[PDB]
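Everything on this sheet refers to the single structure shown next.
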Amino acid sequence: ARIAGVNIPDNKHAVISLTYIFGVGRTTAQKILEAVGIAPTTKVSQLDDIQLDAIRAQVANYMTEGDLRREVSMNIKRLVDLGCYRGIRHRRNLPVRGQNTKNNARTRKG
Amino acid sequence: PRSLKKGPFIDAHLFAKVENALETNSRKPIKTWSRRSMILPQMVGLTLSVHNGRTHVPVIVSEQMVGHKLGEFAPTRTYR
Amino acid sequence: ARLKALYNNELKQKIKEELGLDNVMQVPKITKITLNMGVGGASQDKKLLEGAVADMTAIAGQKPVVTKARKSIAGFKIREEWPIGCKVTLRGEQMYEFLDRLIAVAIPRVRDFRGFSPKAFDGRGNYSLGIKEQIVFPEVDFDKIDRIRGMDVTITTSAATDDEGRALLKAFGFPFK
Amino acid sequence: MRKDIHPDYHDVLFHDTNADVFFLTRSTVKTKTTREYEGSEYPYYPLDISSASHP
RNA sequence: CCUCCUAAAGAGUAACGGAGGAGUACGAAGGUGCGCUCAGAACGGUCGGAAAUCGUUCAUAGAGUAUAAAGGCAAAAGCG
RNA sequence: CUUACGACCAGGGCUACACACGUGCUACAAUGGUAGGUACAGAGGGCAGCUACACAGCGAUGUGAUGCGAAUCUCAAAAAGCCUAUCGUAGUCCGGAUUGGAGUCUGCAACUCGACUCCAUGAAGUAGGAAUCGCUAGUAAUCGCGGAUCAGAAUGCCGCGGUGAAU
């Protein structure tokens with residue numbers, strides 16, 4: 001089945017497949033499936049197309065993956081062009097969250 | 001960051017300086033030592049001079065700065 | 001060929017009225033649609049060409065043709081007369097049908113697409129667009145896909161000027177800029 | 001159009017459930033399930049999204 | 001042995017004079033019939049750039065002619 | 001050394017990393033992960049206070065209300081474990097680094113620089129080079145629970161008990 005512009009593998013449960021979609025998580029998928037008749041146990045292949053359409057409408061209510069990616073990029077760019085200490089941190093590839101970086105500083109550069 | 005019920009933290013002397021500057025819309029920098037004070041919508045547009053530890057650096061309060069503390073725009077460590 | 005039927009009846013007259021052209025014959029039209037898939041990897045491993053031909057044939061609906069490189073570059077390490085790219089040419093009734101299928105399905109499935117830049121036109125009335133991913137078209141099947149490859153589409157219009165070219169596309173409804 | 005050297009090409013009906021729109025066009029894709037259409041019976045491929053519904 | 005200059009506007013013309021190649025290759029790279037036109041510059045376009053392939057506008061050859069140079073080459077002698 | 005090498009105060013710093021380094025923690029998964037149920041302790045702390053119970057909240061926590069200076073009330077629920085559903089060798093329903101967003105608390109103040117809460121994002125890592133270390137019995141490994149400094153700030157340190165080997 002295709003949700004939100006990308007493909008989800010059909011071999012496992014609906015909630016687990018929704019987890020794969022960017023911007024979608026397991027708890028959010030459970031919340032989505034609770035409202036509508038679809039149950040988390042049922043597989044995507046088993047699940048009917050009309051159910052999938054209602055699911056797409058529920059996902060559409062939530063902010064989509066492209067929109068989320070663009071907002072994150074926009075926020076980082078806003079910090080950079082503001083030039084705040086946080087923007088300087090983003091530009092210089094150093095932890096902006098305040099985490100201690102004396103020795104294990106590896107996981108910012110890549 | 002700060003409990004919403006307590007409201008923003010805004011130091012009294014910078015508060016007084018900024019209201020006495022708002023009634024004039026003066027452009028001369030407000031030289032201040034308190035970098036812990038909340039930037040409010042009222043002080044959008046004018047210029048402060050925030051202590052960075054060694055000297056004061058000007059900070060022209062832009063629109064996209066409310067929600068940040070004064071010291072965020074005054075780096076303290078200078079690393080090349 | 002719903003678009004072919006529609007263009008003669010409706011779109012042509014409204015294009016003429018909108019541009020205030022003196023003569024009906026002046027009104028522009030889409031002469032041809034060309035699809036290009038150049039890949040450097042091909043002709044060295046030699047496995048890329050078969051899949052590229054398969055996907056291009058499936059999407060286009062016509063048999064594509066393999067171009068032969070006319071120049072050799074040391075940096076790209078391409079010798080003379082190697083099959084590095086594949087292209088196809090669509091016109092007329094079949095072009096209008098391909099364009100209808102494209103407008104119908106190809107662009108909407110594209111992920112993270114808001115619109116096409118207005119500067120894409122070269123200034124002579126011709127239009128060029130690039131598709132990031134071939135999977136977007138419905139003809140291809142995601143299950144048995146070896147790899148993802150992007151595509152280039154070119155639209156040729158009689159009008160020599162970009163304003164009339166854009167109006168011709170607008171009458172057809174090509175997604176807003 | 002040279003004979004016999006081209007792909008299989010035939011009539012197809014593309015429908016969007018959300019937009020409730022029917023489109024008729026000839027495509028090489030083949031569909032296991034077909035919907036009856038008053039003009040004639042040709043195969044059915046479902047569409048998740050359609051251009052008209054697309055913002 | 002071949003090309004250019006020396007060589008003095010027909011040919012020819014020397015120096016231990018100034019400059020470069022040859023001692024091959026092709027059953028197609030020959031014949032015929034048909035068809036085609038290059039190098040570059042700019043603009044647009046996924047990876048893809050200075051430059052790969054695709055589209056457009058100029059472009060008598062600024063290309064190509066198996067090979068050194070001279071001449072010649074559009075009925076192309078160039079390319080299928 | 002004595003209008004300074006003495007005395008006070010605001011701001012910052014002790015928390016900066018191209019890289020090296022010793023201690024540990026969490027992993028790389030099926031002897032498992034996640035969901036439901038369901039048991040079995042120990043010792044320790046509590047007016048510079050722990051809160052039974054009601055309601056608001058997905059949550060940390062909030063407003064009431066009550067017992068207890070505690071063999072009374074309370075932190076407190078023990079976890080590994082046992083029964084079922086599922087994931088089926090996949091960088092995965094492994095892993096939770098990192099970042100964006102929202103927030104609750106302590107504190108006069110959380111920018112440099114607090115620990116937690118939910119949502120999303122989901123990096124390396126699929127067992128480790130020469131070399132190297134601890135451990136002989138309720139010991140190694142494994143599991144959580146306490147206390148001290150403490151206004152708030154543990155994987156550390158100081159204790160505790162469950163499971164429980166091989167040689």
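In the order they appear, the protein sequences are chains A, B, C and D.
For the first sequence, the working numbering gives the first residue as 1, with consecutive numbering after it.
For the second sequence, the working numbering gives the first residue as 1, with consecutive numbering after it.
For the third sequence, the working numbering gives the first residue as 1, with consecutive numbering after it.
For the fourth sequence, the working numbering gives the first residue as 1, with consecutive numbering after it.
Heads up, the beta-carbon is just placed ideally off N, CA and C, and yes, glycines get one too.
Return the residue from the list the options that minimises the CA-CA distance to residue i.
i	options	result
C:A104	C:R124, C:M37, C:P138	C:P138
C:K170	C:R70, C:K29, C:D143	C:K29
C:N8	C:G115, C:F116, C:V24	C:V24
C:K132	C:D141, C:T57, C:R111, C:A5	C:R111
D:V29	D:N18, D:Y44, D:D4, D:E38	D:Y44
B:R2	B:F15, B:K69, B:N25	B:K69
B:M38	B:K28, B:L14, B:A21, B:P29	B:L14
B:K31	B:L40, B:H56, B:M43, B:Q64	B:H56
A:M74	B:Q64, B:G71, B:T76	B:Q64
A:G23	A:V15, A:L47, A:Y62, A:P9	A:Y62
C:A54	C:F176, C:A167, C:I135, C:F174	C:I135
D:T17	A:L18, A:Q51, A:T19	A:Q51
C:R91	C:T154, C:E10, C:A106	C:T154
B:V66	B:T76, B:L48, B:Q42, B:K6	B:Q42
Which two residues bound the contiguous beta strand (DSSP E) that contains residue i?
i	result
C:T89	85 to 90
C:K32	30 to 38
C:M151	151 to 157
C:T67	65 to 67
B:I60	56 to 60
Can you tell me whether residue i is buried or exposed? The criterion is at least 16 other CB atoms within 10 Å of its CB, across all chains shown.
i	result
C:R147	exposed
A:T101	exposed
D:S50	buried
B:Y79	exposed
C:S117	exposed
B:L4	exposed
B:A74	buried
C:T156	buried
A:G5	buried
D:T25	buried
C:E97	buried
C:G123	exposed
C:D163	exposed
Give the straight-line distance between the Cα atoms of residue i and residue j, rounded to the nearest whole angstrom.
i	j	result
C:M95	C:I33	7 angstroms
C:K68	C:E81	5 angstroms
C:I73	C:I84	13 angstroms
A:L68	C:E17	43 angstroms
A:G25	A:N93	27 angstroms
A:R89	B:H51	20 angstroms
A:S45	A:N11	7 angstroms
A:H13	A:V80	41 angstroms
D:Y9	C:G61	7 angstroms
A:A29	D:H15	27 angstroms
A:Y20	A:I3	10 angstroms
D:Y42	C:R114	33 angstroms
C:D22	C:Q13	12 angstroms
Please classify residue i: does DSSP put it in a helix, a strand, or coil?
i	result
C:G51	helix
B:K69	strand
C:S128	strand
D:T17	coil
D:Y42	strand
B:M43	helix
A:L94	coil
C:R111	coil
B:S49	strand
A:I76	helix
D:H10	strand
Mind checking which residues open and close the alpha helix (DSSP H) that includes residue i?
i	result
C:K12	12 to 19
B:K31	First-last for B:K31: 30 to 32, but that is the beta strand (DSSP E), not the alpha helix (DSSP H).
A:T28	26 to 35
A:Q46	Neither: A:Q46 is in no alpha helix (DSSP H) and is coded neither H nor E.
B:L4	No alpha helix (DSSP H) holds B:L4; DSSP gives it neither H nor E.
A:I16	14 to 20
C:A167	162 to 172
C:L6	2 to 6
B:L14	12 to 22
Is the closest heavy atom of the ligand COA to the C-beta of residue i under 7 angstroms?
i	result
A:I8	Judged by which ligands are present, the structure shown has none, so any question about the ligand COA falls away.
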